[PDB]
Amino acid sequence: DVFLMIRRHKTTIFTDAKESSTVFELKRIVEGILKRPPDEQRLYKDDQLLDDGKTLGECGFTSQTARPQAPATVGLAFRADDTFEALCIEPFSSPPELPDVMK
Amino acid sequence: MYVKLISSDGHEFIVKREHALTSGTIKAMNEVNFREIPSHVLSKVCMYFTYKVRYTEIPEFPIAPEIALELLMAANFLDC
Amino acid sequence: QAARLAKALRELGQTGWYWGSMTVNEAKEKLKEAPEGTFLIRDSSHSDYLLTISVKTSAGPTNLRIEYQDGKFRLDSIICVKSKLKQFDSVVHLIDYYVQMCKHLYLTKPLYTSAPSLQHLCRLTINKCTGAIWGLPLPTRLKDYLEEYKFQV
Ligand code: NI
Ligand code: NI
Ligand code: NI
């Protein structure tokens, strides 16, 4: 298994998949949750657009690299009428400054 | 199958219902809004859920010192 | 003495890496494929000893017993030179001491019986950063919780 965070705007999906499963199959997972078909989805590893036919392993999502405790991020962009929106992921909030004693 | 957990800052985390039930609080209470738990904390909570379910050789669960105090309070609140 | 022993065994139960009545054979089977330094504590099957450290070495799992005498824990003085041995009220402290000292006995990562609570994992993390619990922005109940287990492992 590979452990993933699928992220778009302010949405984050925690899910797992086989290293051997494909990008398309992951889109089918996204479609079940977020109700948008595969051809209205683009998935990314960082800035790299992921091809439907590649397995997750071939995209660089390995069980060593995508653990339950430290899932790998897949970016997600939807169709926006006649095009695709730009890939955009809202950062999580910033932690406060450490107390002094935690030096 | 899935539940939505919303942080104070409005980030929406979609996690397997089974995983979310790791929290006794969540188990007790489709969406849950956490008005007092920000996304840098809630995100790590969700990773904890995955880790706990998967490990129920258990690996280390690393926590940045910078989130540790808030995470402790959240974990205590969530009963996990 | 019983009060001290009670506190020590309470800490040991809180670790998540105390395996109780685990047999010698069970420990070796568990550590067989583990990385070097991986360790657990279990009961000793030997009359003279309370507890044993089972640890993976580069040559296979090995066992180092812990003595408990005069209200103090120390490593096996039959194996280690008695004069070079530190004595501890707390057996988790003993382990923590050796884990930190190689950050002599090579101990790295404990073998958990099950997944620790998130609360406990946060406690370990905070312990790595400070002993000054009184200065932390936490409710008293959570400070009390930190006070109960001050170790980094
Ligand atoms: Ni955005
Ligand atoms: Ni020795
Ligand atoms: Ni002591």
Side-chain angles (χ1 to χ4, degrees), chain A residues 1-17 19 21 25-36 41 43 56 61-63 65-78 87-96 98-102, chain B residues 1-23 26 31 33-34 36-56 58-59 61-75 80:
Chain A
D1 288 346
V2 80
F3 293 88
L4 303 169
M5 279 189 293
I6 307 176
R7 306 199 50 210
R8 169 188 179 268
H9 290 210
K10 285 173 87 161
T11 299
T12 300
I13 299 164
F14 286 78
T15 202
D16 59 278
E19 209 174 304
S21 58
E25 286 182 292
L26 191 57
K27 290 183 181 181
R28 291 251 86 113
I29 299 301
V30 172
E31 174 183 24
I33 293 159
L34 296 179
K35 262 62 188 183
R36 292 279 225 125
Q41 294 179 43
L43 301 176
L56 301 187
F61 298 111
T62 63
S63 22
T65 222
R67 307 268 74 235
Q69 68 274 8
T73 298
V74 185
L76 165 66
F78 289 150
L87 176 67
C88 199
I89 298 163
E90 175 81 23
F92 296 140
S93 54
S94 304
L98 276 177
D100 274 345
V101 290
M102 282 173 76
Chain B
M1 231 282 99
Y2 292 92
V3 293
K4 182 182 283 180
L5 313 173
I6 307 167
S7 67
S8 51
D9 53 323
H11 271 269
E12 309 185 341
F13 301 91
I14 302 170
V15 306
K16 286 163 207 269
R17 191 185 170 97
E18 165 178 25
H19 294 21
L21 299 182
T22 297
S23 159
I26 302 178
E31 294 181 9
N33 217 291
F34 299 105
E36 306 301 315
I37 304 176
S39 53
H40 73 271
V41 176
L42 193 46
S43 60
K44 199 81 181 207
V45 174
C46 292
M47 293 169 194
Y48 177 74
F49 296 160
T50 316
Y51 160 93
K52 205 266 192 307
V53 175
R54 171 62 186 87
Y55 300 110
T56 282
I58 300 164
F61 187 88
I63 299 163
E66 289 74 32
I67 74 165
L69 296 172
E70 288 169 295
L71 196 55
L72 174 68
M73 285 185 292
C80 72

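These numbers come from the heavy atoms of this one structure, side chains and all, not from hydrogens, waters or symmetry mates. Naming convention: chains lettered A, B, ... in sequence-line order (proteins, then strands); numbering from 1 in each chain.
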So does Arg54(B) pair up with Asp1(A), basic N to acidic O under 4.0 Å?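 Salt bridge: no.
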
State, with a plain yes or no, whether a side-chain heavy atom of [X] is found less than 4.5 Å away from one of [Y].
X        : Y        : result
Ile33(A) : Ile14(B) : yes
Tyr48(B) : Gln69(A) : no
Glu70(B) : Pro96(A) : yes
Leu98(A) : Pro65(B) : yes
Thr50(B) : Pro71(A) : no

Quick one: what part of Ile13(A) sits under 4.5 Å from any heavy atom of chain B, side chain, backbone, both or neither?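 When you check distances to chain B, atoms from both the backbone and side chain of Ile13(A) fall under 4.5 Å.
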
Is it the side chain or the backbone of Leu34(A) that comes within 4.5 Å of chain B heavy atoms, both, or neither?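 Only the side chain of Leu34(A) comes within 4.5 Å of chain B.
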
Between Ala64(B), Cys46(B), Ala68(B), which shows the greatest number of heavy-atom pairs under 4.5 Å with chain A?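 Highest number of pairs under 4.5 Å: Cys46(B).
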
Quick check: does any side chain N or O of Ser93(A) sit under 3.5 Å from a backbone N or O of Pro38(B), one acting as donor and the other as acceptor?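 Not at all, since once roles are kept as given, no pair shorter than 3.5 Å links the two residues.
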
Would you confirm whether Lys10(A), through its side chain, and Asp9(B), through its main-chain N or O, come within 3.5 Å as a donor-acceptor pair?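 Side chain of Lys10(A) to backbone of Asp9(B): a pair is present.
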
Applying side chain to side chain contact (heavy atoms under 4.5 Å, CB included) to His11(B) and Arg7(A), what does each step give before you reach the verdict? CA-CA 10 Å; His11(B) 271 269; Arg7(A) 306 199 50 210; 3.8 Å; yes

In Å, rounded to the nearest 0.5 Å, how long is the span from CD1 of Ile6(B) to OG1 of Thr11(A)?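 The distance works out to 9.5 Å.
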
Passes side chain to side chain contact (heavy atoms under 4.5 Å, CB included), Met47(B) versus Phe14(A)? Steps please. CA-CA 8 Å; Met47(B) 293 169 194; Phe14(A) 286 78; 3.7 Å; yes

Give me the ring orientation class for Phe13(B) and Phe92(A): parallel if the planes are under 30° apart, tilted from 30 to 60°, perpendicular past 60°.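 Answer is tilted, since the angle falls between 30° and 60°.
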
